[PDB]
Participant: 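Dropping a structure here in structure tokens format, bear with me for questions.
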Amino acid sequence: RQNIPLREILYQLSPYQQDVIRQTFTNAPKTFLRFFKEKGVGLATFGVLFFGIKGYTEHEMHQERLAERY
Amino acid sequence: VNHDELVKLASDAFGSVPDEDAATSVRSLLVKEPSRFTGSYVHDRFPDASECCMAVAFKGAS
Ligand SMILES: CCCCCCCCCCCCCCCCCC(=O)OC[C@H](COP(=O)(O)O)OC(=O)CCCCCCCCCCCCCCCCC
């Protein structure tokens, strides 16, 4: 099953010799900031393009409705 | 081997070994640094080996 040549030492601890969810509270703000640091540019360019084009379209639609008035 | 002759020879030869302090006995050293068993896993990987030796052990008895 796909022999891989490799030289290493691997260590593993029992899952009943460590904690489960206690470190999740410590790392939660750091992980939040790291997520937004990594995906900040893409989410921002998505938001700018989508909301800008939607806002321009809705504004010009409102102007079109106003132009039909008497 | 005769027991009395070995007693005499050991008293002549090994009679000068120091005795032991009570505070530095084997039991005090065993109490001071006790054994601990931890459930764990290790492998030593080699890139071009032929055999695969492995041992699995449980915590046994003293
Ligand atoms: C006339 C009818 C009136 C209707 C009034 C209601 C219209 C909709 C509600 C208002 C919406 C405006 C603010 C929306 C804020 C949403 C959040 C957001 O953008 O954040 C995403 C995003 C968050 O990034 P993330 O936190 O990194 O995910 O924020 C940005 O990156 C900033 C986005 C700024 C770009 C959009 C600016 C508004 C466009 C308006 C363009 C007008 C053109 C005019 C041309 C004609 C002139 C004559």
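In what follows, chains are A, B, ... by sequence order, proteins preceding strands, each numbered from 1. Values below: every heavy atom of this structure, side chains too, minus hydrogens, waters and symmetry copies.
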Participant: What is the distance from atom CZ of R65(A) to atom CE of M61(A), rounded to the nearest 0.5 Å?
Facilitator: 7.5 Å
Participant: Say whether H43(B) and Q12(A), considering side chains only, have a donor N or O and an acceptor N or O under 3.5 Å apart.
Facilitator: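 No.
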Participant: Looking at side-chain heavy atoms only, is the closest gap between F14(B) and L9(B) below 4.5 Å?
Facilitator: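 No, too far: nothing below the 4.5 Å cut-off.
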Participant: Going by heavy atoms in the side chains, are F36(A) and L43(A) under 4.5 Å from each other?
Facilitator: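 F36(A) vs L43(A): side chains touch.
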Participant: Do any N or O atoms from the side chain of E5(B) and from the backbone of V1(B) form a donor-acceptor pair under 3.5 angstrom?
Facilitator: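 Looks like no, no N/O pair under 3.5 Å.
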Participant: Which residue pairs pass the side chain to side chain donor-acceptor pair (under 3.5 Å) test when at least one of the two sits in residues 37-55 of chain A, sequence neighbours left out?
Facilitator: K54(A)-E58(A)
Participant: For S28(B) and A23(B), indicate whether the former's side chain and the latter's backbone hold a donor-acceptor pair under 3.5 Å.
Facilitator: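 Checked: pair present.
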Participant: Begin with the C-alpha distance, continue with both residues' side-chain angles, and end with the deciding distance and a verdict on side chain to side chain contact (heavy atoms under 4.5 Å, CB included) for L29(B) and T24(B).
Facilitator: CA-CA 7 Å; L29(B) 294 159; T24(B) 68; 5.8 Å; no
Participant: Decide whether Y41(B) and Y11(A) are clustered together by the hydrophobic rule: side chain heavy atoms of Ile, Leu, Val, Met, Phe, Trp, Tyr closer than 4.5 Å, transitively.
Facilitator: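 Cluster IDs for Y41(B) and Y11(A) differ.
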Participant: How many angstroms lie between atom CD of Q63(A) and atom CD of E68(A), to the nearest 0.5 angstrom?
Facilitator: 12.0 Å
Participant: Are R7(A) and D48(B) ion-paired here, with the side-chain N under 4.0 Å from a carboxylate O?
Facilitator: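 Salt bridge: no.
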Participant: Atom CD in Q18(A), atom CD in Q23(A): separation rounded to 0.5 Å?
Facilitator: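 Taking CD in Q18(A) and CD in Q23(A), the distance rounds to 10.5 Å.
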Participant: With a 4.5 Å heavy-atom cut-off, do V42(B) and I9(A) have their side chains touching?
Facilitator: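 Yes; the side chains approach each other to less than 4.5 Å.
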Participant: Identify the two heavy atoms, one from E20(B) and one from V26(B), that lie closest to each other, and give their separation to 0.1 Å.
Facilitator: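 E20(B) and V26(B) have their closest heavy atoms at OE2-N, 4.0 Å.
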Participant: Please indicate whether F37(B) has more than 12 foreign heavy atoms, meaning atoms of other residues, nucleotides or ligands, lying under 6.0 Å from its CZ.
Facilitator: yes
Participant: So which heavy atom on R45(B) is nearest to which on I4(A), and how close?
Facilitator: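 What the structure gives for the nearest pair is NH2-O, 3.2 Å.
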